[PDB]
Amino acid sequence: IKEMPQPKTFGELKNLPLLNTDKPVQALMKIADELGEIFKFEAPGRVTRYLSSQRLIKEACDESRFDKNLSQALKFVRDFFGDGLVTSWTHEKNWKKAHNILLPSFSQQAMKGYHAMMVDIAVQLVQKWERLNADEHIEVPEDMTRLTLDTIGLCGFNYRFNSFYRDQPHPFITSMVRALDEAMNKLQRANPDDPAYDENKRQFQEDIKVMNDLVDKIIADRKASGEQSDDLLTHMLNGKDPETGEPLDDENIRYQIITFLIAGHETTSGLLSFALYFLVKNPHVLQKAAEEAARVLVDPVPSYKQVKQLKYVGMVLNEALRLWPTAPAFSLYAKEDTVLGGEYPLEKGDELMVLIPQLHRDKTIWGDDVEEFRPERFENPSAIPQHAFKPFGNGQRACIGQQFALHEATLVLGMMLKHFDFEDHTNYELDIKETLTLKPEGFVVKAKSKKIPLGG
Ligand code: HEM
Ligand SMILES: C[C@@H](c1ncncc1F)[C@](O)(Cn1cncn1)c1ccc(F)cc1F
């Protein structure tokens, strides 16, 4: 029954120039602040409706009426991730097949089995910071990415990236980032000329080969191994579908490996980085979290059971995900003609985009203090209405890695708070870099050891 707001248009380009910025999600949040709970965004040949209120998003999350959509971003990265779990349609046969095969790799029982290898990498992080000299500082997102990449490599695939042995990032992730940048930049401007893009397109082939060589090696080293593994790669290679009784095909396996290597570390690094940012900006909250870590983590290394008792650290992480969910949007399509919210008619196939940071600032849900960092909002999880808090997506297409991410992040943040005091020595000004995920660029701290020993 109502007509939808729309931001500024530019002739035949429609709204597209508004995203000529390196911070498009933050630009869309500002449009949502100006225009409200829903607005229409048009580009040449596509329309998207952006949702920001829990009132409308709770309906969008009704899986009888809306299914996951492959947004323009997911259609773009499908060039690399193929029909892996993140980039396949719900009704593409390999989605449910791979979901069925890999679900058991993300249970609590699987988490108990990953714990010792998560501790392996977390101890390496703590030892790096213990070994810094006087007046040296920490590049926070850089070291969080070292940890999370190593953790998914070791836990998932028994592969050691050995990121803490490197002063620059592992070539695999440099090659991935550079291949994606090149693929993006290429979508514009006189492409077959003298240099083209890659110094005549050679660097992309090299970067593609880096990624294919690593996938080759992860698979070959497993098959040649005379040790028993039971990890994510075991299920990828050998798990049979409970429905059809067949394993994943070889091509899809390659896509799942690169999907999980990337999905399994990037957003978790961003979460750890934002959580430490908010802690040093809210020293009362840091103190409360540090007291919990000291009281709970009484052993030289944490046990799985002790990580489960880091209740306040978990609330800290959820509140960082509330303010800056590091995968900040997900996309849905209308299965049939329908009316959203009693007021906005949709046609079959219409795209809805959930603007998660704005959902998480809905004052009718959280109160007027939405910009404050207050972990106590999560003291009682049953008090949060359904579909108010969605940093991991929705329904059967929600993040399969959610518990892995939160166990890793709770473990590591707990050990950080046990072993160091933290100083915001530069009075860092939050600068949020946007790729397909969010991170606090240039965030640096100093860590003063509490001199607490690590069986590390
Ligand atoms: C705090 C960290 C993380 C956040 C915020 C996050 C966020 C998300 C979101 C929002 C989705 C839904 C995407 C969509 O609807 O298009 C998703 C799906 C997915 N995530 Fe994550 N994720 C995190 C960590 C992880 C980890 C650690 C892994 C792997 C170990 C992972 C693997 C996946 C996969 C495979 C899917 C697709 C699930 C499916 O459709 O079957 N994510 N994640
Ligand atoms: C969105 C993000 C993600 N999704 C879900 N859980 C964690 C994440 F970290 C991402 O890593 C983004 N990304 C894309 N190319 C580089 N990075 C991603 C990973 C794999 C993928 F198949 C698609 C995809 F969008």
Side-chain angles (χ1 to χ4, degrees), residues 115 118-119 121-123 125-126 128-130 137-138 140-141 143-144 147-148 151 267-326 360 366 369-381 383-384 389 391 402-425 427-428 430 439-440 443-454:
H115 178 83
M118 295 188 179
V119 169
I121 311 307
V123 166
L125 175 71
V126 171
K128 176 178 178 172
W129 295 356
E130 296 278 22
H137 66 271
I138 291 157
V140 171
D143 275 343
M144 295 307 98
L147 179 133
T148 60
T151 300
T267 42
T268 305
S269 171
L271 168 58
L272 279 166
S273 298
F274 280 117
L276 185 60
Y277 165 84
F278 281 121
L279 288 177
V280 302
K281 296 303 193 183
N282 293 270
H284 51 299
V285 174
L286 199 161
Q287 192 185 69
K288 190 169 170 180
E291 288 165 4
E292 178 180 81
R295 159 170 48 85
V296 169
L297 300 175
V298 298
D299 292 326
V301 293
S303 69
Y304 174 91
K305 289 186 167 160
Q306 289 163 344
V307 174
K308 301 308 280 185
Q309 293 308 304
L310 291 174
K311 182 183 193 301
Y312 192 78
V313 174
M315 298 161 49
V316 164
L317 289 165
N318 278 329
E319 178 72 345
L321 286 176
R322 187 186 64 82
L323 281 165
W324 291 113
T326 46
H360 288 176
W366 303 94
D369 69 344
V370 286
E371 295 285 331
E372 291 188 19
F373 188 80
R374 284 188 40 235
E376 295 77 8
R377 294 175 207 279
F378 290 91
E379 167 68 37
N380 179 11
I384 298 129
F389 182 63
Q402 169 176 351
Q403 292 311 316
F404 187 103
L406 292 174
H407 192 78
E408 175 181 5
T410 303
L411 165 67
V412 171
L413 189 48
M415 292 182 68
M416 284 163 54
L417 297 170
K418 171 180 178 178
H419 286 282
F420 305 93
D421 292 312
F422 292 96
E423 178 191 4
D424 173 24
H425 65 290
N427 192 16
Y428 164 76
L430 187 59
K439 72 186 190 64
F443 178 39
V444 292
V445 302
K446 285 180 175 181
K448 185 177 169 309
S449 177
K450 297 176 171 294
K451 299 297 186 192
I452 296 162
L454 294 136

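Nothing fancy with the numbering, it's 1 onward along the sequence.
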Open item on the list: To check you understand the geometry: which heavy-atom pair defines the closest contact between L411 and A122, and what is its length?
Closed with: CD2-CB, 4.3 Å
TODO: Name the orientation class of the two ring planes belonging to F420 and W129 (parallel below 30°, tilted from 30 to 60°, perpendicular beyond 60°).
DONE: perpendicular
Task: Rounded distance (nearest 0.5 Å) linking atom CZ of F378 with atom CZ of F389 - done: 4.0 Å
Side chains of residues 283-290: which donor-acceptor pairs under 3.5 Å do they make with residues two or more places apart or in other chains?
| from | atom 1 | to | atom 2 | distance (Å) |
| --- | --- | --- | --- | --- |
| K288 | NZ | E376 | OE2 | 3.0 |

TODO: Mind checking the OG1-CE spacing from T410 to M118? Nearest 0.5 Å is all I need.
DONE: 10.0 Å
Task: Test item: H115 side-chain N/O and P302 main-chain N/O as donor-acceptor pair under 3.5 Å - done: yes
Task: Interatomic distance, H360 atom NE2 to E319 atom CD [nearest 0.5 angstrom] - done: 10.0 Å
Open item on the list: Tell me whether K311 is salt-bridged to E292, with the criterion being a basic N under 4.0 Å from an acidic carboxylate O.
Closed with: no
- [ ] Taking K281 for its side chain and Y428 for its backbone only, find out whether a donor-acceptor pair lies under 3.5 Å.
- [x] yes
Task: Under 3.5 Å: donor-acceptor pair, side chain of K439, backbone of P141 - done: no
Open item on the list: Looking at every heavy atom in both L271 and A409, which two are closest together, and how far apart are they?
Closed with: CD2-CB, 4.2 Å
Task: Pairwise ring-ring contact (aromatic ring centres under 6.0 Å, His included) hits with a residue in residues 302-321, at least two apart - done: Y304-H407
TODO: Go through the structure and list residues passing salt bridge (charged side-chain N to carboxylate O under 4.0 Å, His left out) with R374, not counting sequence neighbours.
DONE: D369
